[PDB]
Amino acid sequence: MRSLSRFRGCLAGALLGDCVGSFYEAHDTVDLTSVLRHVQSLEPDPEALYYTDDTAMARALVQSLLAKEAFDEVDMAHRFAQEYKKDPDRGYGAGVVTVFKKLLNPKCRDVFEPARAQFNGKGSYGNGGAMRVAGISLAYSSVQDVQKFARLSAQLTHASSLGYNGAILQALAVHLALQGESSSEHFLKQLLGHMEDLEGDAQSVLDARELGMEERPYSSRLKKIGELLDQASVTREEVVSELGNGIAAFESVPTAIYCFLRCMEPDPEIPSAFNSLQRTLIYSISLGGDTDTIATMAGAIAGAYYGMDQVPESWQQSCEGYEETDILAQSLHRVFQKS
């Protein structure tokens, strides 16, 4: 497949996981039969699913990139804040709303300060930075620029390293997925090398310690994903206890990556009619918790990896704004990748 199929697939896959996963957000347990019914209802017998904050912020990030043809912290912060002001009921978390209201003050002449000040100066470690980050890996082909701008774009709302590191992980995952076919072992080793480095910085260690976490939450979960991929059967309870299904970035980003790697292979519980990308989204949603956001992040990776040949027209056409999403993906490819 061509890179353009991957760009289009990446943003469609993210759009799908948000649209489809929104119905189940903050549900502790999800019935898999309910999820199969929900997705099957997208291919009925001869209204759109609305997207949430994940997509709204992913759109803004992409649009900022395209408008300035580069990362531009001021532009992007203003587009996040204005998108919120215009449509605040898309399902934003309460934490990030506080940052938007501050970014909205005309005295605000440092757009990183609201995020940096949050939680008594420790910053948010939620996955709102990672939920939106995929486009950075479509704008920036080098791994050094992916980590740099994933970090920066995250820090506009999520200043804890526990937050921005999740964003970097997610973007790296997307980056690597664009290189296409990989063993799950090679994909992880690559991610691991970057995170073990990043989690050694002082701020990373200090932020973990402060949370009492015996540290390297990302590296230790990447190591666990490999362990889980080698096990005959792994239950949802096991995934949830080991990796997580929560709003904290370290409880969702590794989990997203697991859903992507695990769903390369057939699942007896998911009908054989569904392809790898569809299985990925079904399975991620089926874990419960932060279903929209885990599924949007698994969807970005899967979409980049498998490309449009696995994005079902029936499902894509069910999502709000799919044609606009597709135009922005084409535009990213034209502007950043072509030359």
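From 1 onward, residues are counted along the sequence shown.
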| property | result |
| --- | --- |
| Mean temperature factor over C-alpha atoms, higher-scoring stretch between 285-293 and 37-45 | 37-45 |
| Chain-relative CA temperature factor third for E313 | highest |
| Chain third (lowest, middle, highest) by recorded CA B-factor, residue given as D31 | highest |
| Ranked against its chain, the third holding the CA B-factor of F149 | lowest |
| Third of the chain, ranked by Cα B-factor, where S272 sits | highest |
| Chain-wide C-alpha B factor ranking for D75, given as lowest, middle or highest third | middle |
